[PDB]
Amino acid sequence: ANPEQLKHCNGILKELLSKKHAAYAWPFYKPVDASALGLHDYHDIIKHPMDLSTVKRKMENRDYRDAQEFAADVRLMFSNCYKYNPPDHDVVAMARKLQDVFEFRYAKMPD
Ligand SMILES: [Cl-]
C-alpha cells in the first residue's frame with residue numbers, strides 16, 4: 001500500500017502548495033534564508049531545517065519510502081516554526097492553519 005499512500009501524500013503536498021492556501025502557506029514554500037532575514041541565530045536553534053520545496057524534491061526523487069516518513073518531514077517544518085518564533089507571531093498562526101489543512105487531510109489516508 002505504500003505507493004497508494006504516497007499518492008495521497010503527493011496530493012496533500014500539491015494542496016499545501018496550491019493557490020487556495022497561499023495566504024498562509026507562503027512562508028513554508030522555500031528554505032528559510034536566515035542571513036537574508038537577519039536571523040543570525042536560526043541555524044543554532046533549528047538543527048534540521050525543512051520546507052515544502054524540500055519535501056517536493058524528496059517526493060519527486062522517490063526519497064520517501066512511506067507516508068510516515070513524509071508526514072514526519074512536514075511536521076518537522078511546522079515544529080521548526082514553533083521552536084524558533086514566539087507563539088504570538090503571525091507566522092506561527094500561519095503554521096497552525098497550514099498544519100490544520102495537513103493533519104485533517106493526512107488523517108483521510110487510504111488504508
Ligand atoms: Cl510524525
# chains A, B, ... in the order shown; residues from 1 in each chain; ligands from 1
>>> residues_around(residues="residue 100 (chain A)", least_positions_apart="2", cutoff="12 Å", atoms="only C-alpha atoms", output="ChimeraX atom specification")
/A:12,16,21,24-25,74-75,78,93-98,102-107
>>> write_last_selection(atoms="C-alpha atoms", output="short mmCIF file (atom, residue, chain, number, x, y, z; two decimals), in the first residue's frame")
data_model
loop_
_atom_site.label_atom_id
_atom_site.label_comp_id
_atom_site.auth_asym_id
_atom_site.auth_seq_id
_atom_site.Cartn_x
_atom_site.Cartn_y
_atom_site.Cartn_z
CA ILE A 12 -1.62 16.73 0.14
CA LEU A 16 -0.30 22.74 0.51
CA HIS A 21 -3.75 28.14 0.82
CA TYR A 24 -0.80 31.35 5.00
CA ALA A 25 1.41 28.76 3.24
CA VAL A 74 6.01 18.08 7.00
CA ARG A 75 5.57 18.08 10.80
CA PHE A 78 5.94 23.17 11.46
CA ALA A 93 -0.66 31.48 13.27
CA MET A 94 0.05 30.74 9.60
CA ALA A 95 1.83 27.49 10.54
CA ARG A 96 -1.06 26.35 12.71
CA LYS A 97 -3.55 26.99 9.88
CA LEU A 98 -1.45 25.12 7.34
CA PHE A 102 -2.28 18.97 6.56
CA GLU A 103 -3.49 17.00 9.57
CA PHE A 104 -7.12 16.81 8.51
CA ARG A 105 -6.30 15.51 5.05
CA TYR A 106 -3.47 13.23 6.24
CA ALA A 107 -5.98 11.64 8.60
#
>>> residues_around(residues="residue 80 (chain A)", least_positions_apart="2", cutoff="9 Å", atoms="only C-alpha atoms", output="number ranges by chain")
A: 45-50, 75-78, 82-85
>>> residues_near_ligand(ligand="ligand 1", cutoff="10 Å", atoms="only C-alpha atoms and all ligand atoms", output="number ranges by chain")
A: 67-76
>>> residues_around(residues="residue 110 (chain A)", least_positions_apart="6", cutoff="8 Å", atoms="only C-alpha atoms", output="list in words")
residues 4, 5 and 8 of chain A
>>> write_last_selection(atoms="N, CA and C atoms", output="CSV table (one decimal), in the first residue's frame")
chain,number,residue,atom,x,y,z
A,4,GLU,N,0.1,3.7,-3.1
A,4,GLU,CA,-1.2,4.4,-3.0
A,4,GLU,C,-1.1,5.5,-1.9
A,5,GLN,N,-0.6,5.1,-0.8
A,5,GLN,CA,-0.5,6.1,0.3
A,5,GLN,C,0.4,7.3,-0.1
A,8,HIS,N,-1.5,9.7,-2.0
A,8,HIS,CA,-2.3,10.6,-1.1
A,8,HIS,C,-1.4,11.7,-0.6
>>> atom_distance(atom1="CA of residue 64 (chain A)", atom2="CA of residue 109 (chain A)")
15.8 Å
